[PDB]
Amino acid sequence: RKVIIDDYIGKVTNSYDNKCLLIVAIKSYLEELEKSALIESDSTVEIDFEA
Amino acid sequence: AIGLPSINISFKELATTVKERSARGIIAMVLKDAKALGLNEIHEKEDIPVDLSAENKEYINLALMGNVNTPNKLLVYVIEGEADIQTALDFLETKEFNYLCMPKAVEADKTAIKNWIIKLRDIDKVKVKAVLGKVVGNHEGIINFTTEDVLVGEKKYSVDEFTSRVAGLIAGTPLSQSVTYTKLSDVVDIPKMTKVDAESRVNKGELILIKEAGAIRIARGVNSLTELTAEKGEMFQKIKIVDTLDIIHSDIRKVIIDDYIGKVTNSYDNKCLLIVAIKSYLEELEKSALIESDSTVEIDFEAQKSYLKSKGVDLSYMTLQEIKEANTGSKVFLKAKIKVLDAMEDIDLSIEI
Amino acid sequence: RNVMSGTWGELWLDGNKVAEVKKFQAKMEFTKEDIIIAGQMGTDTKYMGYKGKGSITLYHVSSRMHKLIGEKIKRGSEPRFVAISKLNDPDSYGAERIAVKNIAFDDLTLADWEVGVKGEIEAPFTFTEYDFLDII
Amino acid sequence: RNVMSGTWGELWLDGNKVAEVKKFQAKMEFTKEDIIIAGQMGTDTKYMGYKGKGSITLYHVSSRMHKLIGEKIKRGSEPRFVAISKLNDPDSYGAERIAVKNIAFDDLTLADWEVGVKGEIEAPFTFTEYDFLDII
Amino acid sequence: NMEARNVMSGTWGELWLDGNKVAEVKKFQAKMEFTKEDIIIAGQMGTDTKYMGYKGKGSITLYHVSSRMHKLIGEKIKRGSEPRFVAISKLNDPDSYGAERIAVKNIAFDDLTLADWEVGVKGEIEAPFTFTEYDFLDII
Amino acid sequence: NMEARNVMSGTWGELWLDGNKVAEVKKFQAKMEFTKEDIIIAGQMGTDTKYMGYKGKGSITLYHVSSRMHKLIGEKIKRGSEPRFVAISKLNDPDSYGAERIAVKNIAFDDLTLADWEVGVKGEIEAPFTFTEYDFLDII
Amino acid sequence: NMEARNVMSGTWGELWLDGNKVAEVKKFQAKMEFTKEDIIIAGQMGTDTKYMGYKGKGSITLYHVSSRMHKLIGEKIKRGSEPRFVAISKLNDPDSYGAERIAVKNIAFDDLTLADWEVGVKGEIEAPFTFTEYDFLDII
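Conventions we followed
Residues numbered from 1 in each chain as written, not as in the entry; some residues may be left out. Chains lettered and ligands numbered in written order. Part of a larger assembly, values for the part shown. Heavy atoms only, no water. Helix = DSSP H or I, 4+ residues; strand = E, 2+ residues; numbered from the N terminus. Rg over C-alpha atoms; globule rule 2.2 N^0.38 Å. Buried < 20%, exposed > 50% of the residue type's maximum accessible area, 1.4 Å probe, protein only. Contact = heavy atoms within 4.5 Å. Buried area = accessible area lost by both parts, 1.4 Å probe. Salt bridge = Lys/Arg side-chain N within 4 Å of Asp/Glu carboxyl O. Polar contact = N/O pair within 3.5 Å; in protein donor to acceptor, adjacent residues only side chain to side chain. Least-squares fit on C-alpha atoms. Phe/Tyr/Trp six-rings, centres within 6.5 Å; stacked < 30°, edge-to-face > 60°. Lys NZ or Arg CZ within 6 Å of the ring centre and 35° of its normal. Axes fitted to C-alpha atoms, helices over the stretch in contact; angles between N-to-C directions. Parallel < 35°, antiparallel > 145°, perpendicular 65-115°, else oblique. Left-handed = near helix turned anticlockwise from the far one by under 90°. Nonpolar A, V, L, I, M, F, W, Y, C, P; charged D, E, K, R; others polar.

In terms of determination method and resolution, the entry is listed under cryo-EM at 3.6 Å.

Enquirer: Got a minute to help me understand the overall build of chain A in this structure?
Expert: The number of helices and strands found in chain A is two helices and zero strands. Taken over the C-alpha trace, chain A has a radius of gyration of 12 Å; the compact-globule value for 51 residues is 10 Å, which it surpasses by more than 25%. The dimensions of chain A, computed from C-alpha atoms along their principal axes, are 35 × 25 × 15 Å. The buried share of chain A, taken over its 51 residues, is 6%.

Enquirer: Is there a simple way to explain the interface of chain C and chain B in this structure?
Expert: Bring the parts together and some accessible area is lost; that lost area is often taken as the interface size. Contact with chain C, which involves 13 residues of that partner, is made by nine residues of chain B. Overall, the association of chain C and chain B removes approximately 910 Å² of surface from exposure, summing both partners, and the carbon and sulfur fraction of that is 60%. Applying the counting rule to chain C against chain B returns two salt bridges. The salt bridge partner of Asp134 of chain C is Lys324 of chain B, with a shortest N-O separation of 3.6 Å. Counting the contacts that link chain C with chain B gives two residue pairs in polar contact.

Enquirer: Sorry, what's going on with the arrangement of the chains here?
Expert: Nothing in chain B touches chain D, and the closest approach of their C-alpha atoms is 13 Å. Separated throughout, chain C and chain G approach each other most closely at a C-alpha pair spaced 18 Å apart.

Enquirer: Where do I start with the relation of the copies chain F and chain E in this structure?
Expert: Each of the two chain copies can be generated from the other by rotation about an axis followed by a shift along it. Structural alignment of chain F on chain E gives an RMSD of 0.0 Å, achieved by rotating through 60 degrees and translating 0.0 Å along the axis. Both copies are brought into coincidence by an operation consistent with a six-fold rotation axis. Ranked by how close their C-alpha atoms come to the rotation axis, the residues of chain F are headed by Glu37 of chain F, at 21 Å.

Enquirer: Is there a simple way to think about the interface of chain F and chain E in this case?
Expert: Each partner contributes residues to the interface: chain F has 41 residues there, and chain E has 42 residues. For the pair chain F and chain E, the two sides together bury roughly 3,700 Å², of which 59% comes from carbon and sulfur. Counting across the interface, chain F meets chain E through three salt bridges. Where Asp110 of chain E meets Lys36 of chain F, a salt bridge forms, and the shortest distance between an N and an O atom there is 2.5 Å. Counting across the chain F and chain E interface gives 17 residue pairs in polar contact.

Enquirer: Can you help me understand the side chain of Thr11 of chain E in this one?
Expert: Relative to the helices and strands, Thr11 of chain E resides in the segment before β1 (13-17). Setting aside residues no more than four positions away along its own chain, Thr11 of chain E makes contact with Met48 of chain C together with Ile37, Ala38, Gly39, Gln40 and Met41 of chain D.

Enquirer: Could you clarify how one ought to interpret the packing of aromatic side chains in this entry?
Expert: Each aromatic ring pair is characterised by the separation of its centres together with the angle its planes make. Evaluated as defined, the whole model comprises 28 aromatic pairs over all chains. Relative to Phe127 of chain D, the ring of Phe125 of chain D lies with its centre 6.4 Å away and its plane at 45 degrees, an arrangement referred to as tilted. Overall, the relative accessible area of 1% leaves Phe125 of chain D in the buried class. Over the ring of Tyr99 of chain B we find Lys129 of chain B, and its NZ or CZ is 5.1 Å from the ring centre. Positioned over the ring face of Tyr134 of chain F is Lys78 of chain E, at 4.5 Å from the centre of the ring.

Enquirer: Please explain the packing of helix α2 (residues 85-94) of chain B against helix α3 (residues 107-122) of chain B as it appears in this structure.
Expert: Helix-helix packing: each pair is described by the crossing angle between the helix axes and the interaxial distance. Residues and elements named next belong to chain B. The geometry of α2 relative to α3 is characterised by a closest axis approach of 11 Å and an angle of 25 degrees between their N-to-C directions. Taken together, the axes of α2 and α3 lie roughly parallel to each other. Our pair here, α2 against α3, has a crossing hand that is right-handed. On the side of α2, the interface is formed by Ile85, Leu89, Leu92 and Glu93, while α3 contributes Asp109, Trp116 and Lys119. Residue composition of the contact of α2 with α3, grouped by class: four nonpolar, no polar and three charged.

Enquirer: How do you make sense of the environment of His70 of chain F when you look at a structure like this?
Expert: Mapped onto the elements, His70 of chain F comes out in helix α1 (residues 68-79). Once the C-alpha coordinates of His70 of chain F and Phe136 of chain F are considered, the two residues, 66 residues apart in sequence, prove to be 30 Å apart. When residues no more than four places from it in sequence are discounted, the contact partners of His70 of chain F are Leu112, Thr113 and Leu114 of chain F together with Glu100, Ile102 and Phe136 of chain G. For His70 of chain F, the side chain forms a polar contact with the main-chain oxygen of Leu114 of chain F, separated by 3.3 Å.

Put into structure tokens, the structure is as follows:
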């Protein structure tokens, strides 16, 4: 929540490329959390197709 | 309207399942009880009405066990202790389903149920089937299960009561597989039966249980249809073939009834267009390996001939093309030929020393 | 005995009847390879496939082809159609119908006109499979 | 029912109406590649793009093409134009207009004449994109 | 006996890779290269050879319909583990005398193609491999 | 399932180099060359191989619209420092099943083309490179 | 942005050799070949390379209008002294975004063509060379 609020709300245009960049940022945060061995290393992020 | 900007993260553990239910397979049960009257759909075990008696609970629990996958949905209709079956049947006409069974019943009511099923299949051309206790009907839509004194646990379940488990097992089977030689873990023992008598009984056309190899298993997956016409086939006795054919027949309804009923003039050109549409639909089913290749759709010549003879038409000295070009008022006759592969049930191995 | 005249010809394209059609034509061309077998002067051939080709010719009454394929061609997705041809000469004994499936058009004619000449449009096409109805 | 006659044809080139025009023609030709799929006798095709082609034919009333492109061709910069074609036969129900954009001409005809013959000029061209106005 | 129609055509082949049928297949080839050493024997001019072993080689070419080749080995190669596959080729021409089927085992691939495209050209992917064993099934 | 329309076309690709989209791109190619050593095992005729590593290779060809390639590395190469880049290739054909994207990392270029022109011929520039790592993004 | 007209054409180039403009020029090409050594690092499968230097190569092809190439180096080569030249290439296409100019320095030629002719064939002379340094002037 803090990461999203700080740099993405209202400062970028809602395009597909920006969505991919935000996905990459979230994936990078999860990978950082991986090295501390809090979760597993199979994390995946993608577009919620059904919603 | 527009609200404050929102960022919400949701955590949910969608991993709570085992023996997942199949998309296909709907069972409808009608029951006699004093409470919970009306339709009560049962998606799973946790949502069971509490006001029901012990007998209905046992029957529903029996019907809740499948072969590989559990049935998609259960429609339980509850009737009062003294009531006629006509009201329940008329209410069920609105609903759609695949199989229908009634655990507690009498000899006279089974005749009404069989007559209703026959009328629905023939007059209305809606493909549904029912599983009945001891009915000797000669129709592919009727399944009679005729073994007695099944010992599930410590109770001598009646044949009509075990028709519920039979229907659940039938609904649970996937399309590719059949119901032959499937073992029932719950059943303990069966009354004595010699091999030749069981073979003759299943030859007559019956659903039975036998003790073979490791444990108890279903002898064969035949239907109640016991005589074959020239038009009818020997493949119509098998349950799996009939189920696939009825699935296909129900599926083509979204092509036929949705658009070509009441919206298009009945002319031979439109008949040809509809034939082309149906063939193009069948090609996709062929490409998914559901049915075999080389399936043809064309005008039913004999039925059209009979309808023409019914009215005042001299069928003599008329060309076959002239017969086909005839305008049959507001009815269309079509005939299709498709093939379905059966499961392995017989093996003949020869060994040379 | 009489030979069918082409005046009695009707065409259905994509489920719509084409009122104006001057001619229709569909053909299957085979692919063969020359094979020479030792000890034989005559040369034999092996059949290895076939190709479907055809064309339509219709008067420029309306803008049918554009409404059919124009935007999808620009977008990058090519549509496929089904066409039905019927030939029923009253003098001849019977009729004949053919269903041609998986049709793809070779080109699009936006505009073509000349002074003192009525407009005509012809569009070649290629197909893969056919089905036969009301065989004579 | 009547088919539009080409006598009622008008052409706008670069925003100027072309008073003398004998015929106008524009076409889109597709690019296809043969693809053979294992297990199938018929051969299928994949669509890869298209090309725009066309031409004009006009009487030699004036020196329009030179004033259009002559000096820029020598200098080394190639100009692009937009052409509009309108076909409105009073007998037919409606009219039809097309905008053809990004036009480039294939050649330039400095002079051409013969004894006893009125001069005519025809200039082929290639285009990329089109836009449709007043569809029938 | 011999006739033109009896010659097998490549359009009628099909290939199974790791138990899954591959429909977008263009060509398939397998071969065995024997190893032979020259030996000169006194008193004879003609040189004679001794057979010592064989090496198996081949390749598969397929239309770029989907990214099938990546999912097989892409992640395993980086970690340091090499997988081995089994391929089955069936050639069934209606005109010829029946069909022949062969299983090629212990297949290991030579390279992985991450991306290959050019403007105006259809995509294709070719992958060479090496094998060790084979079986005969329904040989003519 | 398999159909002609499903084959991907190269006209629909695009390439990002160092975070900047390259519009004048003609073709892009990447590949991974495995390293294998022959091993002869006693008692078996068929030779078997052991996998030891891989080498990455590729190239980019683009129209000579602008002097993009000089500004990247021309001054750095003379001084003795070698830069490393990241390229992303996306292939999105409307007919095929979606799109596939791949990131190629640690790219080092093989040569720099100062000038290349000929009378009557349009200009093109091709640059080969080598890489070490890769990621899979939205693979089919 | 990107359009067909933006591509540079070789008809618009020109070349200055030793301060004198060469009008009878057909093509000009210069390139830099980097030198890289393979390095295997323990624990990683992908091989990595180290950049050590570069080598410059090129060539000039021109119509045989006059005996220009002899007067430059013919007499000096025999005596044992090798001259060095400076070349400037300018590519100025009106449609493209401006022009780019490059100076190639320390040019030494590979060979000298005394005579080359054939009946029915127009004459041409091509001379390859090697260089060491370069400048950027008005790069796009």
